[PDB]
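[1] PDB entry and its sequence, pasted below:
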Amino acid sequence: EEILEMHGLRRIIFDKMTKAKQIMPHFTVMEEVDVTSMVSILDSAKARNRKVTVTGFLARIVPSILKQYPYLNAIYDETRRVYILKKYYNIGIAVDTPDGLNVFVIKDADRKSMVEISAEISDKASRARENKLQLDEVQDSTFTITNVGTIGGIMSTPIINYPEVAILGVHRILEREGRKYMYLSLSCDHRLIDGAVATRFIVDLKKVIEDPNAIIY
Amino acid sequence: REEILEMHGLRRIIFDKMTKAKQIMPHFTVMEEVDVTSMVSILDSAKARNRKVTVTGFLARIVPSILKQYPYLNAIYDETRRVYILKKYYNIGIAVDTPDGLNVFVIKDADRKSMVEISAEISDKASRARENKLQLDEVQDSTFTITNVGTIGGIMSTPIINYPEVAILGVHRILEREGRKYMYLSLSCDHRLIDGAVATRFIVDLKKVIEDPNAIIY
Amino acid sequence: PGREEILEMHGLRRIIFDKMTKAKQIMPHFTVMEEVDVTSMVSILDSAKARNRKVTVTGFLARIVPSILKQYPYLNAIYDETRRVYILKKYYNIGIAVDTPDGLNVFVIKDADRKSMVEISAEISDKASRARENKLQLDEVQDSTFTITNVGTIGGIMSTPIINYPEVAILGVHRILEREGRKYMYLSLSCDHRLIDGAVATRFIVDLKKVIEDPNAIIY
């Protein structure tokens, strides 16, 4: 039988994942989303230009709804008692590497359009796998998105990249009937993200991916 | 540019008691799918003359029934480790949203109460709950808890049992398929008292009823 | 009104209390799930319920899973109590979850990679039927490198299972469905989200979908 000891990166996640579920009791909701109009919005932007990914695109909406449900992007402090809510909506997106997991953070989302968000993610990925991500480039996420939905899955119950308060679960696009669906999932600090507040968000995010001719306004 | 926001009356009460919730009770939570077709037209008819009732208050009536079949799930955790205390009355925690936070109220002795007596209650217990007029009377010895979010959204959640009880039951949005109307159900519980198996055997033995309410007359 | 009743604790009950308390105490849990075209499997079972009793879903599954624990070695491990340790295991000894009157028991198909479909399915009843009668021996309940829990012999679409501590991964079997015009079923995974990352976890079950997905090829 072969062993090892906890190495560099694998060390960071060991201690941050223990912390994560050590401290924050998790609650998770899932919602079906008609990503049909979605798809053809991506299959149109792939032709007439370049880029956008399912991931990137979902990162363009996510802030604007964090804006609306304020409690969803805070972090939890040293101090039991307090919270620091956040008003600079910028996201992290977890990538697989060789050495381990990662979460580069694309700064103030709600100001880089969709194309950009999605080249940002690649520059930060194709480097993530080289692990040449300057330590600047991994801080200050108000909130995080995780997509297995490239590698597979249909539904996940993620662990909240601490010390954020929420994270979002992206997945494989599945073909039931004749319209393309994808389940999303949200896990969040149920010390503060209550019954409704939880859902009420995912349902709203749902509500947009499910009518993007709107996003325009 | 940030915002402090500590906590208040309730927030702080929920904080500690969610901390305390999922700190001791390890969580198995399972989901079955229910052909709630035959339940919906039950209700949708009672609108056309019977005044009520509600998806919840309906589940609430059957729920106790099925508890008496598997005692372990209507059981409260305790003080010292080493102690179990299952109860044999039935008061069901059913928890609405407020602007203040998550409130939870218990329909005392639901096993004696009527589909309507239940539902015509949850209403006057929750119109209050948001406008914050709810007596201590209305909030103590719960035996188990049900939590409808599908009046809002979602297909399935991973809800967290209300302490110190031992199981909980999530309800979520109702969707068409064939189109018969299904919706997913979920119940989470303590994996010390409720071995995985027997919880499943609870929701199916619930699932079954929701799919044969004719046969609720037993 | 009302009247409660204080119900104490026991050998096996209290050992479940423990394994469980201490399961989620330190295994911070992740869950993921895919859906399988179990339609091409399920029918295989059906040709062989006719001529060669028996073979199950649990049987079928048990005998594929290790060959997929081979590809990703990271989930076939114990979790160590000099804290920071590995014990990535390299032999496969698959666990099983089963309801016995007294409480949840587990047992192990010693060396799964060496046993054919039937033999394991023989062994499972020859142990469940004996855990039920509470006559199951100390060397049979040990050494599990990984465990499967089936509930869809009673129900469930999908559940978040709890690892048999101190293993490191668990796979959760469910009922089949009949979507249209196909027979699907949800599988589930739960693993220590440290010694097992984000992707990997799914990347795993997906390759396990893959070889339920086309059994026709699993002659070799």
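    That came in fine, so what should we check first? Numbering: from 1, shown residues only, chains lettered A, B, ... in the order given.

[2] quick one: the strands in chain A?
    A:26-34, A:85-86, A:91-96, A:101-106, A:143-147, A:155-157, A:166-170, A:174-176, A:179-189 (DSSP state E).

[3] Compare the ones you listed and give me the one nearest residue B:196.
    Comparison of the strands of chain A against residue B:196 by Cβ to Cβ identifies strand A:155-157 as nearest, at 16.1 Å. Backbone N, C-alpha and C define where each C-beta goes, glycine included.

[4] outside of the closest one, which residues touch it?
    Contact with strand A:155-157 is made by A:26, A:28, A:30, A:146, A:148, A:169, A:171, A:183, A:185, A:187, B:158, C:30-33, C:158, C:160, C:202, as judged by Cβ atoms under 8 Å, 6 or more residues apart in numbering or on different chains.

[5] Stretch A:106-125 too?
    Contacts for stretch A:106-125 (Cβ under 8 Å, 6+ apart): A:45, A:49-53, A:55-57, A:59-60, A:62-64, A:67, A:88-93, A:95, A:104, A:133, A:137, A:140.

[6] end to end, how far does it reach?
    End-to-end distance for stretch A:106-125: 11 Å, by Cα to Cα, to the nearest Å.

[7] quick one: buried residues of that stretch?
    Residues A:106-107, A:109-110, A:112, A:114, A:116-121, A:124-125 are the ones in stretch A:106-125 that count as buried (16 or more other Cβ atoms under 10 Å in any protein chain shown).

[8] Taking those residues, tell me the two that lie furthest apart.
    Using Cβ to Cβ, the buried residues of stretch A:106-125 reach their maximum pairwise distance at A:110 and A:125, which is 21.3 Å.

[9] before we move on, the earlier item: report the buried members of the contacts of stretch A:106-125.
    In the contacts of stretch A:106-125, burial by neighbour count holds for A:45, A:51-53, A:55-57, A:59-60, A:62-63, A:89-93, A:95, A:104, A:133, A:137, counting by 16+ other Cβ under 10 Å.

[10] Which of those residues fall in helices?
    Counted as lying in helices by DSSP state H, out of these, are A:45, A:55-57, A:59-60, A:62-63.

[11] Just name the closest of those residues to chain C, please.
    Within those, proximity to chain C (Cβ to the nearest Cβ) peaks at residue A:55, which comes in at 13.0 Å.

[12] For the closest residue to the closest one other than its chain neighbours, which residues are in contact?
    Closest residue to residue A:55 apart from its sequence neighbours, by Cβ to Cβ, 6 or more residues apart in numbering or on different chains: residue A:147 at 4.7 Å. Each residue near residue A:147 by Cβ under 8 Å, 6+ apart is listed here: A:54-55, A:58, A:93-94, A:170-171.

[13] ok, and the most crowded of those residues?
    Ranked by the number of neighbours (other Cβ atoms under 10 Å in any protein chain shown), the contacts of residue A:147 place residue A:171 first, at 28 neighbours.

[14] in terms of contact, does it touch residue A:182 like I think?
    Yes. With contact defined as Cβ atoms under 8 Å, residue A:171 counts as touching residue A:182 (5.4 Å).

[15] what is in contact with these two at once?
    In contact with both residue A:171 and residue A:182: residue A:149, using Cβ under 8 Å, 6+ apart.
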